[PDB]
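[1] Quick one: experimental structure and sequence below.
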2 protein chains.
Amino acid sequence: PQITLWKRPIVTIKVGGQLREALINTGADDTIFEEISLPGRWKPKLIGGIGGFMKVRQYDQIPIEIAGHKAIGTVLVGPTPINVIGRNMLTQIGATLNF
Amino acid sequence: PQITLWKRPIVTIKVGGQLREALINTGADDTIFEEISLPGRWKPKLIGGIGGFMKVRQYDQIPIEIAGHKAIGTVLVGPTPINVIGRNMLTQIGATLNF
Ligand SMILES: CC(C)CN(C[C@@H](O)[C@H](Cc1ccccc1)NC(=O)O[C@H]1CO[C@H]2OCC[C@H]21)S(=O)(=O)c1ccc(N)cc1
Ligand SMILES: CC(C)CN(C[C@@H](O)[C@H](Cc1ccccc1)NC(=O)O[C@H]1CO[C@H]2OCC[C@H]21)S(=O)(=O)c1ccc(N)cc1
């Protein structure tokens, strides 16, 4: 698809056998969801650093479907106020910015 | 241009008779630069809200050139750690996300 930016670019995601809404965020290195059960072994990760750190669970090699397109990558699970699709996943779907 | 997302999408901006680097950020509603002198009347604005607020100077109707393309819009000036081009400006240049 082609997504214009007059509204926040929030899209439907398939992840962990569930559906979630998430913000497509070119400003985010990583993809993070609030609390979802995912498969495999996780490890703790501290993220952020600008004013403090948030501890999250890092799951690698998670399949997601982002508005119809399949991606595999790292998904962080933790107490984010806003689910986010970051560049790690956007590269996998071939997302570009165009003007 | 077409910008891939394997690196942070940082681009050269012309603003206030100066050059700055800024992050193209689809996750940001607004455009914010660290401290730059701009023309016109500003007003204070509190931004954020997620953990606290940052007070910034809001300048309206500021021309910028974002990798070659002219945009006019609101520019916030304040103590951001990272200069950001947000959706307010991205819509003016016709920036889209495509996959
Ligand atoms: C890490 C996520 C929970 C949230 N994100 C913001 C985060 O990257 C901020 C971005 C940031 C940049 C400049 C100034 C303030 C915040 N950086 C940061 O270090 O925040 C710290 C704040 O306390 C800790 O808890 C979260 C991470 C740690 S994000 O995915 O990029 C993001 C960015 C903007 C929006 N609207 C929604 C999500
Ligand atoms: C407002 C700017 C200074 C910074 N931005 C982050 C900001 O939107 C966070 C985004 C955010 C989202 C979820 C969790 C934490 C932070 N939201 C927020 O309310 O932050 C508050 C923190 O203290 C105050 O100072 C800054 C604004 C106030 S941002 O332009 O979207 C931005 C986002 C990510 C990066 N890497 C760089 C910039």
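    That came in fine, so what should we check first? Numbering: from 1, shown residues only, chains lettered A, B, ... in the order given. Ligands and ions are numbered 1, 2, ... in the order given.
[2] Pull up the distance across stretch A:88-99, start to finish.
    22 Å (Cα to Cα, to the nearest Å).
[3] so how far is chain B from the residue lying closest to residue A:65 once chain neighbours are set aside?
    Leaving aside its sequence neighbours, residue A:65 sits nearest to residue A:14 (Cβ to Cβ, 6 or more residues apart in numbering or on different chains; 3.9 Å). To be clear about C-beta, it is placed using only N, CA and C from the backbone, and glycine gets the same treatment. Residue A:14 sits 15 Å away from chain B, going by Cβ to the nearest Cβ, to the nearest Å.
[4] likewise residue A:55?
    Counting by Cβ to the nearest Cβ, the gap from residue A:55 to chain B is 16 Å.
[5] Would you mind confirming that the residue nearest to residue A:65 makes contact with residue A:67?
    No: counting by Cβ atoms under 8 Å, residue A:14 does not reach residue A:67; the two are 9.6 Å apart.
[6] how close does the residue nearest to residue A:80 when sequence neighbours are not counted get to residue A:67?
    Counting by Cβ to Cβ, 6+ apart, residue A:80 lies nearest to residue A:32, which is 4.7 Å off, once chain neighbours are set aside. Separation of residue A:32 from residue A:67 (Cβ to Cβ, to the nearest Å): 18 Å.
[7] The two: which is more packed in?
    residue A:32 (23 against 16; other Cβ atoms under 10 Å in any protein chain shown).
[8] How about that one: which residues does it bridge to?
    residue A:76, residue A:84 (DSSP bridges).
[9] Alright, that wraps it up for me.
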